[PDB]
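Everything below concerns the one structure shown next.
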Amino acid sequence: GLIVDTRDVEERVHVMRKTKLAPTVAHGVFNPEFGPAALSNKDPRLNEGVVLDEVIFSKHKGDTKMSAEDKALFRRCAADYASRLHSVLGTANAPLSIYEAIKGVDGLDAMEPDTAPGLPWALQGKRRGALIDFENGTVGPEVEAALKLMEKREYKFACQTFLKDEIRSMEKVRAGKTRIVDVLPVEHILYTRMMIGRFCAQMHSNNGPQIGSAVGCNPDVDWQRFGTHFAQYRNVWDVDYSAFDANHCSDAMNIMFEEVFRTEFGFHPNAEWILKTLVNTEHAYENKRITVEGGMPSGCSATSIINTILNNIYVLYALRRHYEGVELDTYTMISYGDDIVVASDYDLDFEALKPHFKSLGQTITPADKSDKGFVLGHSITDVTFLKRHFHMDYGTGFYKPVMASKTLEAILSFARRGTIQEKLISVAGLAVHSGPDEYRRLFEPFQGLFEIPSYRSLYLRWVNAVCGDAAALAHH
Ligand SMILES: [Mg+2]
């Protein structure tokens, strides 16, 4: 986005500056070129001269202003996508009640009861429990008053900046490229869910190439569904964005919200309004208040879905700006936020699409970065989606999601204190698709120290998950 205003106020917003992540027994074996991000300015690992709270906001390099003709094309692509989207999902997008927003419905998980509350509740020293009863799905006096303010459309707020405690590549750790979570007030998250929660549940349930969304998918079972779909196309592209979230221009965000969340699609009018409050934001970090115009915040209860919607419209936009007679069935795509796989039977010149994405403020590069950019003739087995490859399991004939060994090694090299046993079982769920030999090697350092699930047990669990009848039949 565009930093338009920076001022200092006499009230500090304290941030988490001590890492919860610690090395495991695997760190000594795998020696990964990875580590926890910098949470302090005076981290000894940082390049001696880097200022942490200048790199974390360096992503804000402006807010691209689109011309009239480009805006008119964007609205047309947004409307056509909304058309396809609501054709599949339906028009049952009536507001969720206070109770349903807290407890969640079928397709939407409950609100997290213990996570960060937001502002100004963090200054009052109040946890999420003091504001909202998560047991009974009711609200206290504080949230109640704010929800009434959101109905009148007079509610203003601040975003709280947290440093993301996570594993990052040593080059990024050393360069101070720590990511940030923009924690929004708990009432905003609740009300956003109230306004578009029903829509979000439907998008999770109906995920796939038809709506262009993988939000709500389980890669274990859905990789077969996705793989066989993209295997039928002549050309497949692996597209990468740089700073996808921050580079959403105000024009693109406003027009999208207007075209997708219309009342005629079954939405409450306030659905559009609450999403538009994400466009111009104020961010609180220590003594500094930074006003940003444009870009998506990280902590909205629908960032993945909003990002995914924009991604779909960007592809439609860029192709229509370059070629004539381009429709939704000219190509096919799956998206999860910034992550994207595109396919077509047409020889689409994606290299030529670069400045067309630039008119939206977005920069595209091929994932498997090779000489002279994007190339034709790539298939589904060549690409990466959600950090997973599309490999054929030769025992069943189904596509399996395979993560790279370096990534698995990195994930296994660090954990929060006391969570190791739970993390191991979870990562084993991902490591099973790498095969018996790699699986065994990856969990070698943990043997005798923790319970490691047998490859056999997890393989059989998977076969039934993807196709019950197959595992039923495999007993012929
Ligand atoms: Mg990718």
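Every residue, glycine as well, gets a Cβ built from its backbone with ideal geometry; the counts of neighbours run over all protein chains shown. Read-outs: derived from the displayed coordinates by stated rules, not from any lab.
Mind listing the phi-derived Karplus ³J(HN,Hα) values for the stretch 379-388, rounded to whole Hz, using 6.51, -1.76 and 1.60 with θ = phi - 60°, and x for any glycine or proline?
10, 5, 6, 9, 9, 10, 9, 6, 6, 10
Please turn the phi angles of the stretch 310-316 into ³J(HN,Hα) values with the Karplus equation 6.51 cos²θ - 1.76 cosθ + 1.60 (θ = phi - 60°), one per residue in order, whole Hz, x for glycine and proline.
Listing the rounded values in order: 4, 4, 4, 6, 4, 5, 4 Hz.
Of the options 432, 457, 413, report the single residue whose Cα projects farthest towards the positive end of the charge dipole of the stretch 404-476 (beta-carbon charges: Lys, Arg +1; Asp, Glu -1).
Checking the options against the dipole of the stretch 404-476, the answer is 413.
Below 8 Å between Cα atoms, with a sequence gap of 6+, how large is the relative contact order for the stretch 88-241 in percent?
On the way: 165 pairs, mean separation 45.9, N = 154.
RCO, the stretch 88-241: 30 percent.
Where does the chain land at 222 nm, in deg cm²/dmol rounded to the nearest 500, when only DSSP H runs of n ≥ 4 count, each adding -39500 (n - 2.57), divided by all residues?
Details: 18 runs with 177 residues, N = 476.
Taking each H run of at least 4 residues, the total per residue is -11000 deg cm²/dmol.
Just to confirm a number: summing +1 for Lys and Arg and -1 for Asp and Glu over residues other than residue 311 whose beta-carbon lies under 9 angstrom from that of residue 311, what do you get?
The answer is -2.
What residues have an amide H closer than 5 Å to that of residue 403, excluding those fewer than 5 places away on the same chain, when H is modeled at 1.01 Å from N in the peptide plane?
The answer is 389.
Dipole magnitude of the stretch 257-387 about its Cα centre, charges +1 at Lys/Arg Cβ and -1 at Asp/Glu Cβ only, in debye to the nearest 20?
It comes to approximately 500 debye.
Note down the relative contact order for the chain as a percent, whole number, built from C-alpha pairs under 8 angstrom at least six residues apart.
Reported relative contact order: 23 percent.
Any idea how far the Cα center of the stretch 30-45 sits from the one of the stretch 267-293, in Å?
For the stretch 30-45 versus the stretch 267-293, the Cα centre distance is 31 Å.
Which order do peptides 230-242, 417-429 fall in by mean Cβ count within 10 Å, highest first? Please list the in-between numbers first.
Values: 230-242: 17.8, 417-429: 14.7.
Answer by packing, highest mean first, reads 230-242, 417-429.
Please work out the C-alpha center-to-center distance from the stretch 165-194 to the stretch 52-119 and express it in whole Å.
First find each Cα centre; the distance between them is then 16 Å.
Tell me which residues come under 5 Å, amide H to amide H, from residue 237 once H is placed; ignore anything under 5 positions away on its chain.
342, 343
With +1 assigned to the C-beta of every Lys and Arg and -1 to the C-beta of every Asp and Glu, and no other charges, what is the dipole magnitude of the chain about the Cα centre in debye, to the nearest 20?
840
Could you give each residue of the stretch 155-164 its phi-based ³J(HN,Hα) in whole Hz, using Karplus coefficients 6.51, -1.76, 1.60 with θ = phi - 60°, and x for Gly or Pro?
For the stretch 155-164, the Karplus-derived couplings read 7, 10, 8, 10, 8, 9, 8, 10, 7, 6 Hz, x marking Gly and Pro.
DSSP beta bridges in the chain, what fraction antiparallel, as a percent rounded to 5?
For the chain, the DSSP antiparallel bridge percentage is about 90.
Would you please give the FRET efficiency between residue 72 and residue 291, computed as 1/(1 + (r/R0)^6) with r the Cβ-Cβ distance and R0 = 30 Å, to the nearest 0.05?
Calculated value: 0.55.
Between the stretch 458-475 and the stretch 358-426, what's the alpha-carbon centroid distance in Å?
24
Below 8 Å, C-alpha to C-alpha, sequence gap of six or more: please give me the relative contact order for the stretch 1-87 in percent.
42
Farthest toward the dipole's positive end in the chain, which of 123, 467, 91, given Cβ charges of +1 (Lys, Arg) and -1 (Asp, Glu) about the Cα centre?
Farthest towards the positive end: 123.
Quick one: length gained pulling residue 59 to residue 231 fully straight, 0.36 nm per residue minus the C-alpha distance?
On the way: separation 172, 0.36 × 172 = 61.92 nm, distance 3.60 nm.
Full-extension gain reported as 58.3 nm.
Of the listed pairs 18/288; 177/387; 18/406; 288/423, which have alpha-carbon separations greater than 30 Å here?
Among 18/288; 177/387; 18/406; 288/423, the Cα-Cα distance tops 30 Å for 288/423.
Ranked highest first by average number of other Cβ atoms within 10 Å, how do 275-283, 170-178, 108-116 line up?
With the highest mean Cβ count within 10 Å placed first, the list reads 275-283, 170-178, 108-116.
Considering amide H positions built from the backbone, and no H for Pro or chain starts, which residues 5 or more places from residue 24, or on another chain, come under 5 Å of its amide H?
Here 414, 415 satisfy the definition.
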